[PDB]
Amino acid sequence: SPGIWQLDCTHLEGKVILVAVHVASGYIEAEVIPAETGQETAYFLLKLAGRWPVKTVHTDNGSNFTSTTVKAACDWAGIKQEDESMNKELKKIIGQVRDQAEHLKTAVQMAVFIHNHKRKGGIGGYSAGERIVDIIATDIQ
Amino acid sequence: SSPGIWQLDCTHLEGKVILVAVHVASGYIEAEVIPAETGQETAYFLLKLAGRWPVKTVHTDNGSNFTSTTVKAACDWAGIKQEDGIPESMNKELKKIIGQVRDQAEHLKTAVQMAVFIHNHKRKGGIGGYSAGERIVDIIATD
Ligand SMILES: OC[C@H]1O[C@@](CO)(O[C@H]2O[C@H](CO)[C@@H](O)[C@H](O)[C@H]2O)[C@@H](O)[C@@H]1O
Ligand SMILES: Cn1nc(-c2cccs2)cc1N
Ligand SMILES: Cn1nc(-c2cccs2)cc1N
């Protein structure tokens with residue numbers, strides 16, 4: 001399960017936030033896009049797969065994933081498509097920083113920073129970002 | 001190199017701008033096509049990068065986009081030590097790979113992400129070697 005991601009959309013202030021969660025770590029990647037289109041979905045997936053070893057993405061089965069451009073990007077990147085706890089939290093963190101920035105895009109990326117750096121537990125814990133890299137590094141044997 | 005050092009560099013193609021972040025110790029890259037080398041685009045790029053990887057230090061070319069106060073303010077918010085004017089064939093290599101995949105993409109930005117994918121997955125130094133993607137994770141894993 002080092003290659004398993006879950007992708008969802010959240011609609012806010014009339015734009016769309018594409019959120020990808022690495023299911024094993026809780027690590028998040030997100031973008032704000034003007035609209036939930038095939039072109040934007042494909043691009044997002046391609047960016048993700050170039051940065052992390054993406055095997056399988058679980059989606060909501062919306063029309064943006066049925067696109068010939070998404071199928072092509074998935075074939076090219078070797079991504080297989082199939083088919084909240086962390087997504088609900090991301091919405092909460094976006095509210096807590098919302099006032100610190102003019103644009104929603106900024107607030108979103110500040111929330112991704114906060115989420116991925118935040119140590120869970122006491123001294124001896126890990127962040128989501130530590131967890132993804134430890135998991136992947138461990139798998140490289 | 002030290003694990004938290006990234007080098008930012010820009011490259012220009014088909015009259016658009018490619019912002020490139022190289023993780024110095026591994027050669028791992030992240031890139032985005034942006035409309036223009038503005039303060040807000042640069043800030044936003046850095047904020048994204050710093051949310052995705054441990055970014056302690058950034059070396060820049062000291063372009064005007066890095067002297068803007070929205071960039072300096074992002075780097076402060078994110079705890080990034082901005083090091084302007086601290087020192088090339090990474091742009092050469094990216095452009096070459098972009099040339100190989102260019103005809104498989106309707107739009108430049110897609111060919112850029114395809115080229116980033118290829119660079120990061122390419123095994124460097126023979127069959128027992130490792131890709132940039134493998135090197136970065138191995139270098140920064142703490143446990
Ligand atoms: O809000 C989008 C934001 O991303 C940038 C680069 O940091 O451009 C890319 O962003 C999206 C990636 O999913 C795409 O919508 C866009 O096509 C792409 O170039 C910024 O320029 C932009 O503000
Ligand atoms: C301390 N540390 N932080 C990380 C992150 C990875 C991705 C986001 S943050 C990885 C390690 N080793
Ligand atoms: C083949 N492969 N590629 C990786 C990457 C790690 C980070 C980016 S890509 C990890 C493994 N096992």
# chains A, B, ... in the order shown; residues from 1 in each chain; ligands from 1
call {"tool": "interface_residues", "arguments": {"of": "chain B", "to": "chain A", "cutoff": "9 Å", "atoms": "only C-alpha atoms", "output": "ChimeraX atom specification"}}
result
/B:28-32,44,47-54,77-78,109-110,113-121,133-134,136-143
call {"tool": "write_last_selection", "arguments": {"atoms": "C-alpha atoms", "output": "PDB file, in the first residue's frame"}}
result
ATOM      1  CA  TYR B  28      15.101  15.424  -7.692  1.00  0.00           C
ATOM      2  CA  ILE B  29      13.048  18.117  -9.327  1.00  0.00           C
ATOM      3  CA  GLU B  30       9.701  19.809  -9.141  1.00  0.00           C
ATOM      4  CA  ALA B  31       8.550  22.248 -11.855  1.00  0.00           C
ATOM      5  CA  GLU B  32       5.508  24.372 -12.823  1.00  0.00           C
ATOM      6  CA  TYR B  44       2.955  30.455  -4.375  1.00  0.00           C
ATOM      7  CA  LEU B  47       4.793  27.739  -0.439  1.00  0.00           C
ATOM      8  CA  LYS B  48       3.762  24.599  -2.420  1.00  0.00           C
ATOM      9  CA  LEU B  49       7.214  23.113  -2.428  1.00  0.00           C
ATOM     10  CA  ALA B  50       7.746  23.778   1.281  1.00  0.00           C
ATOM     11  CA  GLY B  51       4.446  22.017   2.059  1.00  0.00           C
ATOM     12  CA  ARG B  52       5.464  18.945   0.085  1.00  0.00           C
ATOM     13  CA  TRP B  53       9.093  18.445   1.195  1.00  0.00           C
ATOM     14  CA  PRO B  54      11.337  19.690   4.062  1.00  0.00           C
ATOM     15  CA  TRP B  77       5.956  32.111   7.053  1.00  0.00           C
ATOM     16  CA  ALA B  78       7.337  28.708   5.914  1.00  0.00           C
ATOM     17  CA  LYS B 109       2.851  22.418 -19.418  1.00  0.00           C
ATOM     18  CA  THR B 110       1.895  18.815 -19.869  1.00  0.00           C
ATOM     19  CA  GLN B 113       5.232  17.404 -16.167  1.00  0.00           C
ATOM     20  CA  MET B 114       6.002  14.431 -18.376  1.00  0.00           C
ATOM     21  CA  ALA B 115       9.669  15.510 -18.470  1.00  0.00           C
ATOM     22  CA  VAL B 116       9.742  15.911 -14.654  1.00  0.00           C
ATOM     23  CA  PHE B 117       8.297  12.368 -14.307  1.00  0.00           C
ATOM     24  CA  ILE B 118      10.994  10.967 -16.646  1.00  0.00           C
ATOM     25  CA  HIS B 119      13.847  12.834 -14.923  1.00  0.00           C
ATOM     26  CA  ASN B 120      12.803  11.790 -11.487  1.00  0.00           C
ATOM     27  CA  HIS B 121      12.310   8.093 -12.409  1.00  0.00           C
ATOM     28  CA  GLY B 133      13.076   9.956  -6.614  1.00  0.00           C
ATOM     29  CA  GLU B 134      14.706   7.113  -4.687  1.00  0.00           C
ATOM     30  CA  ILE B 136      15.578  12.088  -2.201  1.00  0.00           C
ATOM     31  CA  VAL B 137      13.464   9.796  -0.075  1.00  0.00           C
ATOM     32  CA  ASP B 138      16.542   7.875   1.134  1.00  0.00           C
ATOM     33  CA  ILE B 139      18.403  11.109   1.923  1.00  0.00           C
ATOM     34  CA  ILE B 140      15.515  12.731   3.897  1.00  0.00           C
ATOM     35  CA  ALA B 141      13.957   9.766   5.687  1.00  0.00           C
ATOM     36  CA  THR B 142      14.709  10.200   9.417  1.00  0.00           C
ATOM     37  CA  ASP B 143      13.543   6.841  10.610  1.00  0.00           C
TER      38      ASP B 143
END
call {"tool": "select_by_dssp", "arguments": {"residues": "chain B", "states": "alpha helix (DSSP H)", "output": "ChimeraX atom specification"}}
result
/B:39-52,64-67,69-78,89-101,108-121,132-140
call {"tool": "residues_around", "arguments": {"residues": "residue 17 in chain A", "least_positions_apart": "4", "cutoff": "10 Å", "atoms": "only C-alpha atoms", "output": "list in words"}}
result
residues 8, 9, 10, 11, 12, 30, 31, 32, 33, 34, 35, 36, 104, 105 and 108 of chain A
call {"tool": "select_by_dssp", "arguments": {"residues": "range 30-128 of chain A", "states": "strand (DSSP E)", "output": "list in words"}}
result
residues 30, 31, 32, 33, 56, 57, 58, 80, 81 and 82 of chain A
call {"tool": "closest_atom_pairs", "arguments": {"of": "chain B", "to": "ligand 1", "cutoff": "6 Å", "atoms": "only C-alpha atoms and all ligand atoms", "output": "JSON lines"}}
result
{"residue": "B:32", "atom": "CA", "partner": "ligand 1", "partner_atom_place_in_ligand_line": "6 (C)", "distance": 5.1}
{"residue": "B:33", "atom": "CA", "partner": "ligand 1", "partner_atom_place_in_ligand_line": "19 (O)", "distance": 5.0}
{"residue": "B:34", "atom": "CA", "partner": "ligand 1", "partner_atom_place_in_ligand_line": "21 (O)", "distance": 4.5}
{"residue": "B:41", "atom": "CA", "partner": "ligand 1", "partner_atom_place_in_ligand_line": "21 (O)", "distance": 5.9}
{"residue": "B:45", "atom": "CA", "partner": "ligand 1", "partner_atom_place_in_ligand_line": "7 (O)", "distance": 4.9}
call {"tool": "write_last_selection", "arguments": {"atoms": "C-alpha atoms", "output": "short mmCIF file (atom, residue, chain, number, x, y, z; two decimals), in the first residue's frame"}}
result
data_model
loop_
_atom_site.label_atom_id
_atom_site.label_comp_id
_atom_site.auth_asym_id
_atom_site.auth_seq_id
_atom_site.Cartn_x
_atom_site.Cartn_y
_atom_site.Cartn_z
CA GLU B 32 5.51 24.37 -12.82
CA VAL B 33 4.77 26.49 -15.91
CA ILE B 34 3.80 29.93 -14.74
CA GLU B 41 3.69 33.22 -8.68
CA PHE B 45 5.46 27.98 -5.95
#
call {"tool": "closest_residue", "arguments": {"among": "A:107, A:41, A:22, A:3", "to": "residue 72 in chain A", "atoms": "only C-alpha atoms"}}
result
A:41
call {"tool": "residues_around", "arguments": {"residues": "range 11-14 of chain B", "least_positions_apart": "6", "cutoff": "12 Å", "atoms": "only C-alpha atoms", "output": "list in words"}}
result
residues 20, 21, 31, 32, 33, 34, 35, 36, 37, 61, 88, 89, 90, 91, 92, 93, 94, 95, 96, 98, 99, 102, 107, 108, 109, 111 and 112 of chain B
call {"tool": "closest_residue", "arguments": {"among": "B:67, B:62, B:26, B:40", "to": "residue 103 in chain A", "atoms": "only C-alpha atoms"}}
result
B:40
call {"tool": "residues_around", "arguments": {"residues": "residue 24 in chain A", "least_positions_apart": "5", "cutoff": "8 Å", "atoms": "only C-alpha atoms", "output": "JSON, numbers by chain"}}
result
{"A": [1, 2, 4, 132]}
call {"tool": "write_last_selection", "arguments": {"atoms": "N, CA, C and O atoms", "output": "tab-separated table (two decimals), in the first residue's frame"}}
result
chain	number	residue	atom	x	y	z
A	1	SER	N	0.80	-1.27	0.00
A	1	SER	CA	0.00	0.00	0.00
A	1	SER	C	0.81	1.29	0.00
A	1	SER	O	0.28	2.33	0.38
A	2	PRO	N	2.10	1.25	-0.41
A	2	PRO	CA	2.87	2.49	-0.55
A	2	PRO	C	2.48	3.37	-1.75
A	2	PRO	O	2.84	4.57	-1.73
A	4	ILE	N	-0.78	3.75	-2.94
A	4	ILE	CA	-2.18	4.01	-2.93
A	4	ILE	C	-2.52	5.40	-2.43
A	4	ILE	O	-2.15	5.80	-1.26
A	132	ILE	N	5.24	9.49	5.04
A	132	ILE	CA	5.30	9.06	3.65
A	132	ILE	C	6.73	8.71	3.28
A	132	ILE	O	6.97	7.66	2.63
